[PDB]
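Step one of this worksheet: look at the structure below.
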Amino acid sequence: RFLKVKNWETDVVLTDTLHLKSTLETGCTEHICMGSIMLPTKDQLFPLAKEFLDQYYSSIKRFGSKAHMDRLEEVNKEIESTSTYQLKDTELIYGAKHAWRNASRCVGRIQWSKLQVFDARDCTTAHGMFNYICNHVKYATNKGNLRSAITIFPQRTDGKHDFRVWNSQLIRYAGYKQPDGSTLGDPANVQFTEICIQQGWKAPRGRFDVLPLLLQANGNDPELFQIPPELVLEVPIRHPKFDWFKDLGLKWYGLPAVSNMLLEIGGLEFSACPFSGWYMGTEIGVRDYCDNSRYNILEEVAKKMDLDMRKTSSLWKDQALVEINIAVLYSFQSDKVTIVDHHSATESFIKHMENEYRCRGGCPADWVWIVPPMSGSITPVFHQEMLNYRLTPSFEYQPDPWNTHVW
Amino acid sequence: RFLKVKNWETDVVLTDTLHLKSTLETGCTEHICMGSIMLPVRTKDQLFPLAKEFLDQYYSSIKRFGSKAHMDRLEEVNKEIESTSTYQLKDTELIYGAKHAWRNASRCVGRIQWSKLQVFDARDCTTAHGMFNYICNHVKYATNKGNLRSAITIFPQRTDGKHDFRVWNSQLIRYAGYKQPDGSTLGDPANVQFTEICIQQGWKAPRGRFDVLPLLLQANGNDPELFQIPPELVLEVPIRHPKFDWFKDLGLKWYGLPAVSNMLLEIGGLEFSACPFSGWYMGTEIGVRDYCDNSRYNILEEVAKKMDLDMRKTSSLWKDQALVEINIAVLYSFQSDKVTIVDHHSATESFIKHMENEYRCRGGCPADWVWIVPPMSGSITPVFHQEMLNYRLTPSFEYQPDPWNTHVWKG
Ligand code: HEM
Ligand code: HEM
Ligand SMILES: Cc1cc(N)nc(CCc2cccc(CCc3cc(C)nc(N)c3)n2)c1
Ligand SMILES: Cc1cc(N)nc(CCc2cccc(CCc3cc(C)nc(N)c3)n2)c1
Ligand SMILES: C[C@H](O)[C@H](O)[C@H]1CNc2nc(N)[nH]c(=O)c2N1
Ligand SMILES: C[C@H](O)[C@H](O)[C@H]1CNc2nc(N)[nH]c(=O)c2N1
Ligand SMILES: [Zn+2]
């Protein structure tokens with residue numbers, strides 16, 4: 076019932092009580108741990124509503140008050156009458172902020188409470204969606220001084236009228252499968268890019284083509300929009316010592332903005348809720364650049380450093396990896412685009428865990444995702460036991476829309 | 408019930424049926440995953456099912472399930488349990504059991520080698536001098552002048568829990584740590600406690616940075632006894648770097664032979680509380696963890712100083728740079744001295760092949776991602792992108808409490 080987590084570097088022991096509130100399931104059993112798997116009615120709705128409003132009214136220290144009881148009856152009467160309900164602005168902001176607070180895979184949560192929430196529940200068309208998104212992009216980018224934000228389109232109704240952003244990120248690069256046999260640009264986005272072309276996009280067929288938005292409103296067929304180029308801040312990648320690095324033609328965008336997830340607050344489902352923060356360096360340098368199935372540039376870089384690639388044991392991949400990552404961080408810092416390195420981000424998360432344990436009785440965390448994909452054991456999160464459990468409000472995956480949507 | 412695991416780099420999808428033969432629990436529930444928790448006297452009643460289950464596995468593997476030899480062995484074990492309250496394994500059952508414990512070790516990336524294991528049966532051992540001799544022979548055979556060979560030595564099983572055989576050392580070869588009055592540590596901070604015990608038991612500590620610890624050996628539940636491994640048997644590698652000539656002047660070396668001596672081997676319900684085993688190192692065990700943990704030799708600062716990295720801002724990745732050069736040095740040193748070692752690229756690639764073969768032939772390969780992914784350069788190794796399923800098969804290696812916490816001192 077009370078659970079302990081030890082840090083094996085500092086011997087610090089923390090007691091988790093928060094997990095008893097856990098309200099969704101993990102995919103694990105006593106017979107099998109699924110910790111490393113990527114993806115494991117009016118009656119239903121009121122408990123969910125109650126559960127959330129109880130926590131909300133607890134947070135403003137008004138639990139069991141008149142205002143609390145009144146709201147609970149209001150929502151009860153709204154559900155029984157309308158089969159759903161609407162969140163007050165204060166509730167909405169709280170729910171979004173907590174969805175991030177509870178994201179067990181997010182290392183950047185020390186920032187959870189500084190989230191700008193843009194209420195787009197009045198949106199009705201894809202064109203409106205595009206306006207709301209451009210404003211989000213520009214507000215968050217902030218000339219390089221990045222600011223966390225989320226924009227929240229209308230909640231699901233009968234699920235025949237969903238709002239969806241088809242892009243997986245607001246800003247991503249196209250991928251085209253070539254007669255050659257290889258892949259030009261980002262191999263992660265072939266299927267979506269093809270979908271764009273099929274809906275009508277004029278693809279330029281470059282390596283770093285910013286994808287168009289594909290926006291679905293009120294269950295309708297989605298439409299294409301190009302984000303004003305002047306709103307998409309990009310960074311050319313150079314190395315502080317290797318002059319030749321720039322000759323790779325590498326760039327990345329400043330704004331990371333996940334657009335394909337579902338926000339669940341008090342039982343209500345917000346299927347279009349793009350949110351953005353700022354990058355940890357390894358996300359681009361290790362994953363985007365080096366993943367065999369991504370831009371996969373290790374071989375090229377190594378050659379330019381003139382390393383012995385005859386034998387795995389010269390650690391040439393590791394040598395090139397560090398340099399690629401040094402360059403990402405240098406390039407962003409020099410251009411004054413907010414970025415954080417894995418040492419600093421994981422140290423911050425450790426301070427955040429301790430705060431959550433002391434002020435909330437715990438912090439759900441998924442070690443598999445929290446430990447950076449390079450230099451794991453020299454960051455403090457490596458040695459930190461973590462308990463992973465599912466709290467609501469939350470962000471959830473949802474099927475890619477082209478699998479669901481009927482045209 | 409079938410379970411799928413996907414590789415996100417290759418899209419290879421595998422199907423596990425083997426998790427169905429799982430007995431022991433995980434620590435996880437439907438409501439909480441404990442997959443990153445480090446550490447998540449049997450009756451007759453409990454013993455016979457465990458025996459039967461083991462002997463069923465064994466007779467299947469030799470293609471003799473349900474033979475007369477199979478039924479007779481069951482009945483013979485049956486009686487031995489009913490009459491003596493325990494039982495003895497045949498040599499072949501022990502070999503098989505020790506190999507399977509390794510095969511089943513979900514946190515071990517080196518399992519492609521599981522069927523090549525030299526088993527030394529030390530169940531006739533009765534004294535701590537006896538154990539010492541057994542362990543010297545294991546050390547010599549395993550070392551093999553640098554061409555390392557996997558081996559395990561198996562001392563008599565637990566009886567009433569009052570007569571346990573234990574090796575108090577966590578590894579057969581490890582360096583002393585000495586906490587100084589000024590609060591700093593000389594040698595390996597990981598071994599301070601055990602070092603103190605050794606000194607308390609009467610070891611004369613040389614007090615250097617790399618002193619091989621004496622063996623501390625308990626036989627038959629008796630108080631343990633100190634023995635120095637003959638230095639001629641302790642293969643060491645001095646650490647130097649291929650391009651950086653100042654690296655040797657750091658004064659570093661390490662031992663060639665990784666040999667865990669504090670785990671418990673469980674076979675068919677029987678508990679073997681002293682069962683030291685050894686293989687060979689993956690380079691990152693020394694260069695990432697032994698040298699670079701803040702709680703260990705903690706050499707990252709000194710190395711980066713000497714490389715003249717920019718150390719004012721963590722964002723130079725000075726730590727990451729030093730870490731790679733240290734690990735380059737470790738592998739270069741071992742290879743140059745012809746001591747067996749494997750890098751983390753080669754080991755993880757080998758593990759992925761092992762894992763697919765295991766799915767094809769055994770219907771599964773239980774695997775702990777937290778432990779299998781190397782502690783540097785995780786995502787440019789093929790395990791990072793491999794979904795794994797973690798579950799517990801017997802035979803197995805388990806932890807046990809350190810014996811200085813449980814031992815009843817005789818005097
Ligand atoms: C502000 C700085 C932020 C940093 C440094 C950061 C960092 C990260 C990183 C490194 C990951 C793992 C990424 C991967 O390997 O794909 C991640 C995942 C995640 N982040 Fe954060 N993030 C930030 C902002 C935000 C915000 C504003 C939100 C939501 C409002 C958010 C929600 C999430 C969620 C739900 C995941 C896991 C998603 C999944 O399971 O696929 N992050 N974050
Ligand atoms: C042949 C060369 C071997 C290699 C390269 C290898 C590699 C490794 C590594 C890197 C670890 C994780 C160690 C740590 O991070 O502390 C490990 C764990 C483990 N190894 Fe292997 N190993 C080898 C041989 C063996 C042998 C011979 C056995 C026993 C017969 C064995 C049984 C285990 C077990 C039970 C664990 C997990 C221990 C735990 O749960 O803490 N290994 N191995
Ligand atoms: C806000 C934010 C801040 C930050 N620094 N980085 C990101 C991008 C990393 C990220 C954050 C949250 C969710 C996802 C999607 C991960 C994913 C999902 C699926 C379905 N398949 C994958 N292979 C990967 N990616 C977003
Ligand atoms: C045969 C073998 C081959 C190889 N390449 N490496 C080793 C040494 C690594 C190892 C293998 C098995 C068990 C342990 C003990 C790990 C441990 C456990 C706890 C509870 N705390 C720790 N700090 C460390 N370490 C052994
Ligand atoms: C807290 C965490 O589970 C712990 O530090 C583990 C993580 N993964 C590991 N992996 C290996 N191979 N060895 C270890 O000691 C650890 N330590
Ligand atoms: C199989 C494994 O679960 C998968 O590779 C995960 C591992 N850890 C990760 N960690 C982060 N931060 N992001 C990822 O996409 C992944 N992929
Ligand atoms: Zn689990």
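Residue numbers (my numbering), protein chains in the order written: chain P, 76 to 482; chain R, 408 to 818. Beta carbons: idealized from backbone N, C-alpha and C, even for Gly.
Between ligand 6 and P/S111, a heavy atom-to-CB distance of less than 7 Å is present. For P/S140, no Cβ of chain R is located within less than 8 Å of the residue's own Cβ. Look at R/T747 here: in three-state DSSP terms it is coil, with no helix or strand label. Annotated as distal: R/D479 and R/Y766, with beta-carbon spacing of 8 Å or more. Uninterrupted beta strand (DSSP E) stretches at least 3 residues long and entirely within the stretch 585–640 of chain R occur at 592–594, 622–625 and 632–634, given in chain order. Between the C-alpha atoms of R/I444 and P/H458 there is a straight-line separation of about 10 Å.
In the DSSP assignment, R/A558 falls within the beta strand (DSSP E) that extends over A558 to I561.
Counting only Cβ-Cβ distances below 9 Å, P/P122 has no contacts in chain R at all, with the closest Cβ about 17 Å away. Within the stretch 417–437 of chain R, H426, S429, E432, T433, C435, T436 and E437 place their CB atoms closer than 7 Å to a CB of chain P, listed in sequence order. At least one heavy atom of ligand 2 is found less than 7 Å from the C-beta of R/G686. Counting of Cβ neighbours within 10 angstroms places P/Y472 among the exposed residues, the total staying below 16. In the DSSP annotation of this structure, the continuous segment of the alpha helix (DSSP H) that includes R/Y466 starts and ends at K451 to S468. For R/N701, a Cβ of chain P is located within less than 8 Å of the residue's own Cβ. At least one heavy atom of ligand 6 is found less than 7 Å from the C-beta of R/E794. Distances from the alpha-carbon of R/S680 to those of R/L501, R/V574, R/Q607 and R/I502 put R/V574 closest. R/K720 carries a coil assignment under DSSP once its states are collapsed to helix, strand and coil. When C-beta atoms of the stretch 374–388 of chain P are compared with those of the stretch 347–360 of chain P, fewer than three pairs fall below 8 Å, so the two segments do not count as touching. Non-local beta-carbon contacts of R/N485 in its own chain, meaning distances under 7 Å to residues more than five positions away in sequence, involve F455 in chain order. Here P/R231 has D237, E344 and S346 as same chain residues with Cβ atoms under 6 Å from its own Cβ, once five neighbours each way along the sequence are excluded. In chain order, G442, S443 and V777 make up the part of chain R whose C-beta sits under 8 Å from the C-beta of P/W442. Close CB contacts of R/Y688 within its chain, under the 7 Å cut and outside five residues either way in sequence, are with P665 and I748 (chain order).
Beta bridge pairing from DSSP links P/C108 with R/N797. Here P/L288 really is in contact with P/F205; their C-beta atoms are around 6 Å apart, less than 8 Å. With contacts defined as CB atoms closer than 8 Å, R/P782 and R/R703 fail to qualify as a contacting pair. For ligand 4, no non-hydrogen atom lies closer than 7 Å to the CB of P/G329. Membership of R/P810 in the alpha helix (DSSP H) is indicated by the continuous run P810 to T813. The Cβ atoms of P/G183 and P/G437 lie no closer than 8 Å to each other. For the stretch 687–714 of chain R, the full-length alpha helix (DSSP H) segments reaching 4 residues or more read 707–714 along the chain.
Identification of residues in the stretch 687–714 of chain R having a C-beta nearer than 8 Å to some C-beta of chain P yields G690, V695, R696, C699, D700, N701, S702 and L707, given in sequence order. The residue from R/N544, R/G568, R/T550 and R/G553 with its alpha-carbon nearest to that of R/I561 is R/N544. P/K81 belongs to the set of residues whose beta carbon lies under 8 Å from a beta carbon in chain R. For P/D416, the number of other beta carbons within 10 angstroms of its own is at least 16, and it is reported as buried. At least one heavy atom of ligand 2 lies less than 7 Å from the C-beta of R/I559. Look at the beta carbons and you see the stretch 464–479 of chain R not touching the stretch 651–665 of chain R: under three pairs across the two are nearer than 8 Å.
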